[PDB]
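Report on the structure given below.
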There are 4 protein chains.
Amino acid sequence: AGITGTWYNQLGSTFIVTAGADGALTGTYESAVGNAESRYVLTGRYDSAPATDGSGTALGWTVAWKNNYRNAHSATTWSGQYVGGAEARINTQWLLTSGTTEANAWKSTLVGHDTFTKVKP
Amino acid sequence: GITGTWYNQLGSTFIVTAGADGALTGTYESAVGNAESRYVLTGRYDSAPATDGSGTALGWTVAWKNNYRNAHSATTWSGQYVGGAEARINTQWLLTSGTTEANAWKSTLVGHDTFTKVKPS
Amino acid sequence: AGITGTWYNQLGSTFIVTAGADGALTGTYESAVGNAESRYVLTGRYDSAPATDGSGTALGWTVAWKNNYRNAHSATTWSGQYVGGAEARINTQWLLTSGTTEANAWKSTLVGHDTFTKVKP
Amino acid sequence: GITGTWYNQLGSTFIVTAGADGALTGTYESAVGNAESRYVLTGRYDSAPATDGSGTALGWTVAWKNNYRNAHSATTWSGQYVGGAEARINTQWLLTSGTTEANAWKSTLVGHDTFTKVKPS
């Protein structure tokens, strides 16, 4: 699948990803330091039998920003596709939802994008 | 409050298990509950939400591949669980399809879903 | 076109819209009180020759949240389609971008949805 | 700083006029500048941004109809202008197509654009 490994976004984040034979994505977000206080679980899914016509591999994953040290009361989901080859990428759009009161729910979800590469920018 | 069967008003059912560790697992099911339309979901939620009336942040992914069908796509939902008398999961979603590089710009749809524990009539 | 008139979202907002023959959308956001302090200009575009196959009319508009009284340093864009008939609607997704420092730009854009009707909820 | 010609790295040109009143007007142009590919843009921007290093919030819409072509669609861009040595407009976009009611759920694509005043080679 080409997805298992360490991935870097363009803005100082690291993700350790494992792609299981069944379509499972597992792993962690890690800080640049790699310390336990900044480590969070990721879980998601990917297409384990992509098209053989040059198409990318659809996927998504979530991190809830709680570990045994910190809780931001929020969760990010990334949706995108893996593209293999010499310039392998995961191109994604993300949504970050924060836990809010009902009055503030309308402004609970931020949107953005991330591009993941196998080496640093 | 998250564990159980969630419905939108547009024909979808999700049977969700919320684990003590922050794991979301379960399935998408069609209205007829057939194996060909059943798909794995996995995600994460805040297992220690704020105690100030805020919702519980969460997200999950389904890759639309099972042993029968493969749409070469994946949906991620980002949102929050709101408890009380009329419990809800309020979400926004991204649907990414596997595409060629030329079509990657138009690979991600956006929308929203509102889920209830009450099966529609 | 069926678009000119007063429109209400589901959450206490009013928009006064004019659809020009050339594809122009003009008008204002108005508060429930209709006072000048809460009035802001909207401008956008719509498809002035939609398909005749039951399809909706694509459109979009922007409000920058500055008037002579107030400035939130932000702007909302709505993207969607008008659907005519007895239950006429404008179904939209929105993005709200706030002016931020470069360090906070990643969290400058909120996403949501609005449904507009010709009468109050 | 907004008035002028803006380019992405993906073949698009926008000639934007920022009026003293907060109006954005102008055109999309193709790389060959032909009339068949020219479309009106209109939007709004914050004409009195914060003086603390924050960007200038803005948005605009193009409905993809002119006297030659009609795609039955419209794009909205939401973002901010950032001045200085390498001025940019950083945006996220929504593209809504006119659809039947059955296809309305999949009528809106999401993405991002980064614009510069420097024409690509």
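A note on labels: chains of the structure tokens are A, B, ... as shown, every chain counts residues from 1, and ligands are counted from 1 in their shown order.
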
May I have chain D as a short mmCIF file (atom, residue, chain, number, x, y, z; two decimals) with N, CA and C atoms, in the first residue's frame, after a least-squares superposition on chain B that uses all C-alpha atoms paired in order?
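Result saved to part-v8.cif:
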```
data_model
loop_
_atom_site.label_atom_id
_atom_site.label_comp_id
_atom_site.auth_asym_id
_atom_site.auth_seq_id
_atom_site.Cartn_x
_atom_site.Cartn_y
_atom_site.Cartn_z
N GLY D 1 -22.68 8.00 26.53
CA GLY D 1 -23.89 8.24 25.68
C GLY D 1 -23.73 7.99 24.19
N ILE D 2 -22.50 7.80 23.74
CA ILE D 2 -22.23 7.62 22.32
C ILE D 2 -22.54 6.19 21.85
N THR D 3 -22.29 5.19 22.69
CA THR D 3 -22.52 3.82 22.27
C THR D 3 -23.99 3.59 21.93
N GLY D 4 -24.22 3.01 20.76
CA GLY D 4 -25.56 2.69 20.31
C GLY D 4 -25.74 2.97 18.84
N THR D 5 -26.99 2.90 18.40
CA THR D 5 -27.34 3.01 16.99
C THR D 5 -27.80 4.43 16.69
N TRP D 6 -27.15 5.02 15.70
CA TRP D 6 -27.38 6.40 15.28
C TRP D 6 -27.93 6.41 13.86
N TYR D 7 -28.86 7.33 13.62
CA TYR D 7 -29.56 7.43 12.35
C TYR D 7 -29.53 8.86 11.85
N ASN D 8 -29.38 9.05 10.54
CA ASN D 8 -29.78 10.35 9.96
C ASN D 8 -31.21 10.18 9.38
N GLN D 9 -31.74 11.24 8.75
CA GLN D 9 -33.07 11.21 8.13
C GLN D 9 -33.00 10.89 6.64
N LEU D 10 -31.84 10.39 6.21
CA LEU D 10 -31.53 10.22 4.80
C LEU D 10 -31.10 8.78 4.52
N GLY D 11 -31.55 7.84 5.35
CA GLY D 11 -31.38 6.43 5.08
C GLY D 11 -30.18 5.74 5.69
N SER D 12 -29.39 6.44 6.51
CA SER D 12 -28.17 5.85 7.07
C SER D 12 -28.32 5.43 8.51
N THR D 13 -27.61 4.35 8.86
CA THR D 13 -27.54 3.79 10.19
C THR D 13 -26.07 3.54 10.52
N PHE D 14 -25.64 3.93 11.72
CA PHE D 14 -24.30 3.61 12.22
C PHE D 14 -24.44 2.98 13.59
N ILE D 15 -23.89 1.78 13.78
CA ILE D 15 -23.91 1.13 15.08
C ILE D 15 -22.53 1.35 15.69
N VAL D 16 -22.48 2.21 16.70
CA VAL D 16 -21.22 2.76 17.21
C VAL D 16 -20.94 2.22 18.61
N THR D 17 -19.72 1.74 18.83
CA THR D 17 -19.23 1.40 20.16
C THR D 17 -18.16 2.41 20.55
N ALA D 18 -18.36 3.05 21.70
CA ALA D 18 -17.40 3.99 22.26
C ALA D 18 -16.66 3.30 23.40
N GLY D 19 -15.38 3.02 23.20
CA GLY D 19 -14.56 2.33 24.18
C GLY D 19 -14.07 3.27 25.25
N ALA D 20 -13.71 2.72 26.40
CA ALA D 20 -13.29 3.53 27.55
C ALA D 20 -12.01 4.35 27.29
N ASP D 21 -11.21 3.87 26.34
CA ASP D 21 -9.94 4.47 25.93
C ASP D 21 -10.04 5.57 24.86
N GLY D 22 -11.24 5.93 24.41
CA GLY D 22 -11.41 6.91 23.34
C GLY D 22 -11.63 6.33 21.96
N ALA D 23 -11.71 5.01 21.84
CA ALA D 23 -11.91 4.37 20.54
C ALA D 23 -13.37 4.43 20.11
N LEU D 24 -13.60 4.75 18.84
CA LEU D 24 -14.89 4.50 18.19
C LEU D 24 -14.71 3.36 17.21
N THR D 25 -15.60 2.37 17.28
CA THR D 25 -15.64 1.26 16.35
C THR D 25 -17.09 1.00 15.98
N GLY D 26 -17.30 0.22 14.94
CA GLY D 26 -18.65 -0.16 14.57
C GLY D 26 -18.81 -0.29 13.09
N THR D 27 -20.06 -0.15 12.63
CA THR D 27 -20.39 -0.34 11.22
C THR D 27 -21.39 0.69 10.75
N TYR D 28 -21.28 1.02 9.46
CA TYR D 28 -22.38 1.53 8.68
C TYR D 28 -23.24 0.34 8.25
N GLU D 29 -24.57 0.51 8.31
CA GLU D 29 -25.55 -0.46 7.83
C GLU D 29 -26.56 0.23 6.93
N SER D 30 -26.97 -0.45 5.85
CA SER D 30 -28.08 0.04 5.03
C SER D 30 -29.39 -0.22 5.75
N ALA D 31 -30.47 0.33 5.20
CA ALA D 31 -31.78 0.16 5.82
C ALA D 31 -32.22 -1.31 5.85
N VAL D 32 -31.75 -2.12 4.91
CA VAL D 32 -32.06 -3.56 4.91
C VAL D 32 -31.02 -4.42 5.63
N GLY D 33 -29.91 -3.82 6.06
CA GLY D 33 -28.94 -4.51 6.91
C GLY D 33 -28.16 -5.62 6.22
N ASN D 34 -28.09 -5.57 4.89
CA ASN D 34 -27.42 -6.61 4.10
C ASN D 34 -25.90 -6.48 4.18
N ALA D 35 -25.21 -7.62 4.11
CA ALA D 35 -23.75 -7.66 4.22
C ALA D 35 -23.05 -6.87 3.12
N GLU D 36 -23.64 -6.80 1.93
CA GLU D 36 -23.02 -6.09 0.80
C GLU D 36 -22.93 -4.60 1.04
N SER D 37 -23.78 -4.07 1.92
CA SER D 37 -23.80 -2.65 2.23
C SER D 37 -23.25 -2.32 3.61
N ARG D 38 -22.58 -3.28 4.26
CA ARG D 38 -22.04 -3.09 5.61
C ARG D 38 -20.56 -2.73 5.52
N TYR D 39 -20.16 -1.68 6.23
CA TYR D 39 -18.77 -1.22 6.18
C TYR D 39 -18.28 -0.85 7.56
N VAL D 40 -16.99 -1.04 7.78
CA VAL D 40 -16.35 -0.73 9.06
C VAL D 40 -16.18 0.77 9.25
N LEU D 41 -16.48 1.25 10.46
CA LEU D 41 -16.11 2.60 10.87
C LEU D 41 -15.09 2.52 11.97
N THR D 42 -14.17 3.49 12.00
CA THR D 42 -13.27 3.63 13.15
C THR D 42 -12.93 5.09 13.34
N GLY D 43 -12.78 5.46 14.60
CA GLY D 43 -12.46 6.83 14.94
C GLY D 43 -12.10 6.98 16.39
N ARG D 44 -12.22 8.22 16.87
CA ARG D 44 -11.80 8.59 18.21
C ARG D 44 -12.77 9.60 18.79
N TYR D 45 -12.87 9.63 20.11
CA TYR D 45 -13.66 10.64 20.79
C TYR D 45 -12.97 11.04 22.08
N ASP D 46 -13.33 12.22 22.59
CA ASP D 46 -12.84 12.70 23.88
C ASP D 46 -13.53 11.93 25.00
N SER D 47 -12.78 11.06 25.67
CA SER D 47 -13.33 10.20 26.72
C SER D 47 -13.40 10.88 28.09
N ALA D 48 -12.99 12.15 28.19
CA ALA D 48 -13.14 12.92 29.42
C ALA D 48 -13.53 14.36 29.07
N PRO D 49 -14.75 14.55 28.55
CA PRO D 49 -15.16 15.88 28.11
C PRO D 49 -15.30 16.87 29.25
N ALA D 50 -15.34 18.15 28.90
CA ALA D 50 -15.55 19.20 29.87
C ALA D 50 -16.89 19.00 30.59
N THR D 51 -16.95 19.48 31.83
CA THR D 51 -18.12 19.33 32.70
C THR D 51 -18.93 20.63 32.79
N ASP D 52 -18.83 21.48 31.77
CA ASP D 52 -19.42 22.82 31.76
C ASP D 52 -20.60 22.94 30.78
N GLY D 53 -21.15 21.81 30.35
CA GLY D 53 -22.22 21.79 29.35
C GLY D 53 -21.75 21.69 27.91
N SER D 54 -20.43 21.59 27.70
CA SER D 54 -19.89 21.44 26.36
C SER D 54 -20.14 20.04 25.82
N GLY D 55 -20.23 19.94 24.50
CA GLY D 55 -20.33 18.66 23.83
C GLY D 55 -19.02 17.90 23.85
N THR D 56 -19.09 16.68 23.34
CA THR D 56 -17.96 15.76 23.31
C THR D 56 -17.43 15.67 21.88
N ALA D 57 -16.20 16.14 21.67
CA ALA D 57 -15.60 16.13 20.34
C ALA D 57 -15.29 14.71 19.88
N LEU D 58 -15.47 14.47 18.59
CA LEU D 58 -15.25 13.15 18.02
C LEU D 58 -15.02 13.24 16.52
N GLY D 59 -14.59 12.12 15.96
CA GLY D 59 -14.55 11.95 14.52
C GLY D 59 -14.45 10.49 14.16
N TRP D 60 -14.87 10.15 12.95
CA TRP D 60 -14.68 8.79 12.47
C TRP D 60 -14.59 8.76 10.96
N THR D 61 -14.11 7.62 10.45
CA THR D 61 -13.92 7.39 9.04
C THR D 61 -14.56 6.07 8.64
N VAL D 62 -15.15 6.04 7.45
CA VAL D 62 -15.48 4.81 6.75
C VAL D 62 -14.78 4.85 5.40
N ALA D 63 -13.96 3.83 5.10
CA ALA D 63 -13.52 3.58 3.73
C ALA D 63 -14.55 2.66 3.08
N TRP D 64 -15.03 3.06 1.91
CA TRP D 64 -16.15 2.37 1.27
C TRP D 64 -15.69 1.15 0.46
N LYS D 65 -15.05 0.23 1.19
CA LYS D 65 -14.65 -1.07 0.67
C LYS D 65 -15.07 -2.12 1.68
N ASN D 66 -15.72 -3.17 1.18
CA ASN D 66 -15.95 -4.37 1.98
C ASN D 66 -15.63 -5.57 1.06
N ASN D 67 -16.06 -6.78 1.42
CA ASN D 67 -15.76 -7.96 0.59
C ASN D 67 -16.59 -8.06 -0.69
N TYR D 68 -17.55 -7.15 -0.87
CA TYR D 68 -18.48 -7.17 -1.99
C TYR D 68 -18.33 -5.98 -2.93
N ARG D 69 -18.07 -4.80 -2.38
CA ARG D 69 -18.09 -3.55 -3.12
C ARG D 69 -16.87 -2.75 -2.77
N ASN D 70 -16.41 -1.94 -3.72
CA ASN D 70 -15.38 -0.96 -3.45
C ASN D 70 -15.65 0.27 -4.29
N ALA D 71 -16.03 1.35 -3.62
CA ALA D 71 -16.30 2.64 -4.26
C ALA D 71 -15.04 3.48 -4.46
N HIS D 72 -13.89 3.04 -3.93
CA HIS D 72 -12.63 3.79 -4.00
C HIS D 72 -12.81 5.19 -3.45
N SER D 73 -13.28 5.24 -2.21
CA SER D 73 -13.60 6.50 -1.56
C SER D 73 -13.66 6.29 -0.05
N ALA D 74 -13.66 7.39 0.69
CA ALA D 74 -13.73 7.33 2.14
C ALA D 74 -14.37 8.61 2.64
N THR D 75 -15.24 8.49 3.64
CA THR D 75 -15.86 9.64 4.29
C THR D 75 -15.33 9.79 5.70
N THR D 76 -15.05 11.03 6.10
CA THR D 76 -14.74 11.35 7.49
C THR D 76 -15.80 12.29 8.02
N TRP D 77 -16.24 12.04 9.25
CA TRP D 77 -17.17 12.91 9.96
C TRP D 77 -16.45 13.52 11.14
N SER D 78 -16.63 14.82 11.33
CA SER D 78 -16.07 15.56 12.45
C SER D 78 -17.19 16.28 13.17
N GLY D 79 -17.28 16.13 14.49
CA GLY D 79 -18.38 16.78 15.16
C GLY D 79 -18.37 16.59 16.64
N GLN D 80 -19.55 16.76 17.24
CA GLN D 80 -19.66 16.53 18.66
C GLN D 80 -20.97 15.86 19.03
N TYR D 81 -20.85 15.06 20.08
CA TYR D 81 -22.00 14.43 20.73
C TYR D 81 -22.54 15.41 21.77
N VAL D 82 -23.86 15.56 21.76
CA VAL D 82 -24.59 16.41 22.69
C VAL D 82 -25.60 15.51 23.38
N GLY D 83 -25.51 15.41 24.71
CA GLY D 83 -26.37 14.53 25.50
C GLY D 83 -27.67 15.20 25.87
N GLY D 84 -28.35 14.62 26.86
CA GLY D 84 -29.61 15.16 27.37
C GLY D 84 -30.83 14.50 26.76
N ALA D 85 -31.95 15.23 26.79
CA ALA D 85 -33.27 14.69 26.43
C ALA D 85 -33.36 14.23 24.98
N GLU D 86 -32.76 15.00 24.08
CA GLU D 86 -32.72 14.67 22.65
C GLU D 86 -31.28 14.65 22.18
N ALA D 87 -30.61 13.55 22.51
CA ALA D 87 -29.19 13.40 22.22
C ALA D 87 -28.95 13.41 20.72
N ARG D 88 -27.83 14.01 20.32
CA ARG D 88 -27.49 14.17 18.91
C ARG D 88 -26.00 13.99 18.72
N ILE D 89 -25.62 13.58 17.52
CA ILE D 89 -24.26 13.81 17.04
C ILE D 89 -24.39 14.75 15.85
N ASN D 90 -23.79 15.94 15.99
CA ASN D 90 -23.82 16.98 14.95
C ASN D 90 -22.48 17.00 14.26
N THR D 91 -22.48 16.83 12.94
CA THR D 91 -21.22 16.64 12.20
C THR D 91 -21.16 17.43 10.91
N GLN D 92 -19.92 17.63 10.49
CA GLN D 92 -19.65 17.97 9.11
C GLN D 92 -18.77 16.85 8.54
N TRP D 93 -18.92 16.58 7.25
CA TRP D 93 -18.21 15.48 6.63
C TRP D 93 -17.43 15.92 5.41
N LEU D 94 -16.42 15.11 5.09
CA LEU D 94 -15.63 15.20 3.86
C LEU D 94 -15.64 13.83 3.21
N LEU D 95 -15.94 13.78 1.92
CA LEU D 95 -15.90 12.54 1.15
C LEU D 95 -14.82 12.70 0.09
N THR D 96 -13.74 11.94 0.23
CA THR D 96 -12.68 11.94 -0.76
C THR D 96 -12.74 10.68 -1.59
N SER D 97 -12.71 10.86 -2.90
CA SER D 97 -12.63 9.76 -3.86
C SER D 97 -11.21 9.63 -4.38
N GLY D 98 -10.77 8.40 -4.63
CA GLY D 98 -9.49 8.16 -5.30
C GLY D 98 -9.58 8.64 -6.73
N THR D 99 -8.67 9.51 -7.15
CA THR D 99 -8.72 10.10 -8.49
C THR D 99 -7.33 10.09 -9.11
N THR D 100 -7.30 10.36 -10.41
CA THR D 100 -6.03 10.66 -11.07
C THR D 100 -5.52 12.00 -10.58
N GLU D 101 -4.25 12.29 -10.85
CA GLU D 101 -3.67 13.57 -10.46
C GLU D 101 -4.41 14.75 -11.10
N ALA D 102 -4.82 14.60 -12.35
CA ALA D 102 -5.54 15.66 -13.07
C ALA D 102 -6.89 16.01 -12.44
N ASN D 103 -7.51 15.04 -11.78
CA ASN D 103 -8.82 15.24 -11.15
C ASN D 103 -8.75 15.42 -9.64
N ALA D 104 -7.55 15.46 -9.07
CA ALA D 104 -7.41 15.53 -7.61
C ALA D 104 -8.01 16.79 -7.01
N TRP D 105 -8.00 17.89 -7.76
CA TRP D 105 -8.55 19.14 -7.26
C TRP D 105 -10.04 19.03 -6.90
N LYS D 106 -10.74 18.11 -7.57
CA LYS D 106 -12.19 17.93 -7.38
C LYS D 106 -12.49 16.59 -6.70
N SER D 107 -11.57 16.13 -5.87
CA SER D 107 -11.73 14.83 -5.23
C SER D 107 -12.46 14.85 -3.90
N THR D 108 -12.74 16.03 -3.33
CA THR D 108 -13.30 16.09 -1.98
C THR D 108 -14.57 16.93 -1.90
N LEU D 109 -15.66 16.24 -1.58
CA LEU D 109 -16.96 16.84 -1.32
C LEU D 109 -17.10 17.15 0.16
N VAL D 110 -17.91 18.16 0.47
CA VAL D 110 -18.20 18.56 1.84
C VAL D 110 -19.71 18.57 2.06
N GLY D 111 -20.10 18.26 3.29
CA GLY D 111 -21.49 18.33 3.69
C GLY D 111 -21.62 18.20 5.18
N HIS D 112 -22.83 17.88 5.62
CA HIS D 112 -23.13 17.79 7.05
C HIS D 112 -24.12 16.67 7.30
N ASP D 113 -24.05 16.10 8.50
CA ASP D 113 -25.02 15.09 8.95
C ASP D 113 -25.38 15.37 10.40
N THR D 114 -26.66 15.18 10.70
CA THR D 114 -27.17 15.23 12.06
C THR D 114 -27.74 13.86 12.40
N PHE D 115 -27.26 13.28 13.51
CA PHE D 115 -27.65 11.93 13.90
C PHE D 115 -28.44 11.94 15.19
N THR D 116 -29.41 11.03 15.26
CA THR D 116 -30.29 10.81 16.40
C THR D 116 -30.28 9.32 16.74
N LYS D 117 -30.63 8.99 17.99
CA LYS D 117 -30.78 7.60 18.45
C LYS D 117 -32.16 7.02 18.13
N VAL D 118 -33.06 7.84 17.59
CA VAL D 118 -34.43 7.44 17.32
C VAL D 118 -34.56 7.05 15.86
N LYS D 119 -34.89 5.79 15.60
CA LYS D 119 -35.04 5.34 14.22
C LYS D 119 -36.20 6.10 13.55
N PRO D 120 -35.99 6.64 12.34
CA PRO D 120 -37.10 7.25 11.59
C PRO D 120 -38.20 6.24 11.27
N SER D 121 -39.43 6.74 11.15
CA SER D 121 -40.59 5.90 10.82
C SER D 121 -40.50 5.34 9.41
#
```

Exercise for review: Pick out the chain C residues within 10 Å of chain B. Count only C-alpha atoms. Give them as a VMD selection string.
Suggested key: chain C and resid 92 to 93 111 to 113

Review point. Contacts of region 39-49 of chain A at 6 Å or less, counting only C-alpha atoms, minus same-chain residues fewer than 3 places along, as a ChimeraX atom specification?
Key: /A:23-30,36,57-63,67 /B:42-43,61,63

Those residues you just picked out, can you put them in a file as a PDB file, in the first residue's frame with N, CA, C and O atoms?
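Output (selection-v1.pdb):
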```pdb
ATOM      1  N   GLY A  23      -7.567  -2.702   5.816  1.00  0.00           N
ATOM      2  CA  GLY A  23      -8.037  -1.328   5.669  1.00  0.00           C
ATOM      3  C   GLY A  23      -7.875  -0.459   6.896  1.00  0.00           C
ATOM      4  O   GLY A  23      -8.286   0.687   6.881  1.00  0.00           O
ATOM      5  N   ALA A  24      -7.279  -0.978   7.966  1.00  0.00           N
ATOM      6  CA  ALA A  24      -7.107  -0.194   9.187  1.00  0.00           C
ATOM      7  C   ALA A  24      -5.923   0.758   9.088  1.00  0.00           C
ATOM      8  O   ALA A  24      -4.845   0.367   8.651  1.00  0.00           O
ATOM      9  N   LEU A  25      -6.122   2.000   9.519  1.00  0.00           N
ATOM     10  CA  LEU A  25      -5.015   2.917   9.821  1.00  0.00           C
ATOM     11  C   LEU A  25      -4.910   3.045  11.327  1.00  0.00           C
ATOM     12  O   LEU A  25      -5.906   3.301  12.015  1.00  0.00           O
ATOM     13  N   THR A  26      -3.700   2.861  11.846  1.00  0.00           N
ATOM     14  CA  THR A  26      -3.409   3.053  13.261  1.00  0.00           C
ATOM     15  C   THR A  26      -2.098   3.810  13.373  1.00  0.00           C
ATOM     16  O   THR A  26      -1.342   3.921  12.406  1.00  0.00           O
ATOM     17  N   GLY A  27      -1.840   4.357  14.550  1.00  0.00           N
ATOM     18  CA  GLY A  27      -0.565   4.987  14.824  1.00  0.00           C
ATOM     19  C   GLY A  27      -0.706   6.152  15.765  1.00  0.00           C
ATOM     20  O   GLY A  27      -1.603   6.168  16.611  1.00  0.00           O
ATOM     21  N   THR A  28       0.196   7.121  15.645  1.00  0.00           N
ATOM     22  CA  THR A  28       0.245   8.251  16.564  1.00  0.00           C
ATOM     23  C   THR A  28       0.636   9.533  15.858  1.00  0.00           C
ATOM     24  O   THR A  28       1.376   9.519  14.872  1.00  0.00           O
ATOM     25  N   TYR A  29       0.148  10.643  16.401  1.00  0.00           N
ATOM     26  CA  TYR A  29       0.796  11.943  16.261  1.00  0.00           C
ATOM     27  C   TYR A  29       1.961  11.986  17.250  1.00  0.00           C
ATOM     28  O   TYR A  29       1.810  11.571  18.402  1.00  0.00           O
ATOM     29  N   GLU A  30       3.095  12.527  16.800  1.00  0.00           N
ATOM     30  CA  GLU A  30       4.266  12.761  17.645  1.00  0.00           C
ATOM     31  C   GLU A  30       4.706  14.198  17.490  1.00  0.00           C
ATOM     32  O   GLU A  30       4.710  14.724  16.382  1.00  0.00           O
ATOM     33  N   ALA A  36       6.201  11.613  25.349  1.00  0.00           N
ATOM     34  CA  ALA A  36       4.899  11.013  25.649  1.00  0.00           C
ATOM     35  C   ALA A  36       3.801  12.051  25.879  1.00  0.00           C
ATOM     36  O   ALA A  36       2.639  11.815  25.538  1.00  0.00           O
ATOM     37  N   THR A  57      -5.201   6.554  -3.498  1.00  0.00           N
ATOM     38  CA  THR A  57      -5.816   5.667  -2.516  1.00  0.00           C
ATOM     39  C   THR A  57      -6.566   6.514  -1.495  1.00  0.00           C
ATOM     40  O   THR A  57      -5.952   7.242  -0.719  1.00  0.00           O
ATOM     41  N   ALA A  58      -7.893   6.403  -1.492  1.00  0.00           N
ATOM     42  CA  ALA A  58      -8.715   7.178  -0.565  1.00  0.00           C
ATOM     43  C   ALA A  58      -8.508   6.718   0.877  1.00  0.00           C
ATOM     44  O   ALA A  58      -8.359   5.516   1.144  1.00  0.00           O
ATOM     45  N   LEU A  59      -8.540   7.676   1.797  1.00  0.00           N
ATOM     46  CA  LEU A  59      -8.324   7.374   3.196  1.00  0.00           C
ATOM     47  C   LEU A  59      -8.867   8.484   4.079  1.00  0.00           C
ATOM     48  O   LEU A  59      -9.252   9.571   3.609  1.00  0.00           O
ATOM     49  N   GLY A  60      -8.893   8.206   5.375  1.00  0.00           N
ATOM     50  CA  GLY A  60      -9.179   9.217   6.377  1.00  0.00           C
ATOM     51  C   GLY A  60      -8.740   8.752   7.743  1.00  0.00           C
ATOM     52  O   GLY A  60      -8.632   7.545   7.973  1.00  0.00           O
ATOM     53  N   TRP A  61      -8.480   9.685   8.652  1.00  0.00           N
ATOM     54  CA  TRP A  61      -8.204   9.314  10.029  1.00  0.00           C
ATOM     55  C   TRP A  61      -8.578  10.432  10.975  1.00  0.00           C
ATOM     56  O   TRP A  61      -8.795  11.574  10.562  1.00  0.00           O
ATOM     57  N   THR A  62      -8.650  10.073  12.253  1.00  0.00           N
ATOM     58  CA  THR A  62      -9.018  10.977  13.329  1.00  0.00           C
ATOM     59  C   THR A  62      -7.984  10.911  14.448  1.00  0.00           C
ATOM     60  O   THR A  62      -7.487   9.828  14.762  1.00  0.00           O
ATOM     61  N   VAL A  63      -7.705  12.069  15.047  1.00  0.00           N
ATOM     62  CA  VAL A  63      -7.042  12.146  16.341  1.00  0.00           C
ATOM     63  C   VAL A  63      -7.957  12.936  17.267  1.00  0.00           C
ATOM     64  O   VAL A  63      -8.326  14.070  16.960  1.00  0.00           O
ATOM     65  N   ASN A  67      -4.760  12.695  25.780  1.00  0.00           N
ATOM     66  CA  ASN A  67      -3.901  11.588  26.184  1.00  0.00           C
ATOM     67  C   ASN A  67      -3.873  11.594  27.713  1.00  0.00           C
ATOM     68  O   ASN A  67      -4.713  12.255  28.338  1.00  0.00           O
TER      69      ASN A  67
ATOM     70  N   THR B  42     -14.169   3.486  12.000  1.00  0.00           N
ATOM     71  CA  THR B  42     -13.266   3.634  13.146  1.00  0.00           C
ATOM     72  C   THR B  42     -12.928   5.093  13.339  1.00  0.00           C
ATOM     73  O   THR B  42     -12.851   5.875  12.387  1.00  0.00           O
ATOM     74  N   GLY B  43     -12.776   5.462  14.601  1.00  0.00           N
ATOM     75  CA  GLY B  43     -12.458   6.825  14.942  1.00  0.00           C
ATOM     76  C   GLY B  43     -12.104   6.985  16.392  1.00  0.00           C
ATOM     77  O   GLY B  43     -11.723   6.024  17.058  1.00  0.00           O
ATOM     78  N   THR B  61     -14.110   7.625  10.452  1.00  0.00           N
ATOM     79  CA  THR B  61     -13.924   7.389   9.037  1.00  0.00           C
ATOM     80  C   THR B  61     -14.564   6.069   8.640  1.00  0.00           C
ATOM     81  O   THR B  61     -14.490   5.093   9.392  1.00  0.00           O
ATOM     82  N   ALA B  63     -13.962   3.833   5.104  1.00  0.00           N
ATOM     83  CA  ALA B  63     -13.517   3.581   3.732  1.00  0.00           C
ATOM     84  C   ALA B  63     -14.545   2.662   3.083  1.00  0.00           C
ATOM     85  O   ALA B  63     -14.881   1.602   3.629  1.00  0.00           O
TER      86      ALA B  63
END
```

Tell me the residues of chain A close to chain C, meaning within 8 Å using only C-alpha atoms, as a compact mmCIF listing (two decimals) with N, CA, C and O atoms, in the first residue's frame.
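The resulting file, selection34.txt, is reproduced below:
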```txt
# COMPACT_ATOMS: atom_id res chain seq x y z
N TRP A 106 -22.18 26.62 16.46
CA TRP A 106 -22.06 27.09 15.09
C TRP A 106 -20.61 27.38 14.68
O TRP A 106 -20.29 27.29 13.49
N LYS A 107 -19.76 27.72 15.66
CA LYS A 107 -18.36 28.06 15.42
C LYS A 107 -17.42 27.00 15.99
O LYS A 107 -16.26 27.28 16.33
N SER A 108 -17.89 25.76 16.04
CA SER A 108 -17.10 24.67 16.61
C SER A 108 -16.15 23.97 15.64
O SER A 108 -15.34 23.18 16.13
N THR A 109 -16.23 24.23 14.33
CA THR A 109 -15.48 23.45 13.36
C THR A 109 -14.67 24.33 12.40
O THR A 109 -15.22 25.09 11.60
N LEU A 110 -13.35 24.19 12.52
CA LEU A 110 -12.39 24.81 11.61
C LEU A 110 -12.08 23.89 10.46
O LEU A 110 -12.12 22.66 10.60
N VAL A 111 -11.72 24.47 9.32
CA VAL A 111 -11.33 23.72 8.12
C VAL A 111 -9.95 24.17 7.67
O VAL A 111 -9.59 25.33 7.79
N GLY A 112 -9.21 23.22 7.10
CA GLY A 112 -7.91 23.53 6.52
C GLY A 112 -7.43 22.39 5.67
O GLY A 112 -8.20 21.51 5.27
```

Study note, to complete from the structure: CA of residue 52 (chain C) sits from CA of residue 121 (chain C) at a separation of 29.2 Å

Point to revise | All strand (DSSP E or B) positions in chain A, as a ChimeraX atom specification | key: /A:5-8,14-19,24-30,40-46,57-66,71-83,89-98,109-117

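We find CA of residue 100 (chain A) and CA of residue 66 (chain C) to be spaced 26.5 Å apart.
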
Check your understanding: CA of residue 98 (chain C) and CA of residue 3 (chain C), how far apart in Å?
Key -> 28.1 Å

Practice item. Skip residue 9 (chain A) itself and residues of its chain fewer than 2 positions away, then list as a PyMOL selection string all residues within 7 Å of it, counting only C-alpha atoms. Key: chain A and resi 7+11-14+114-117
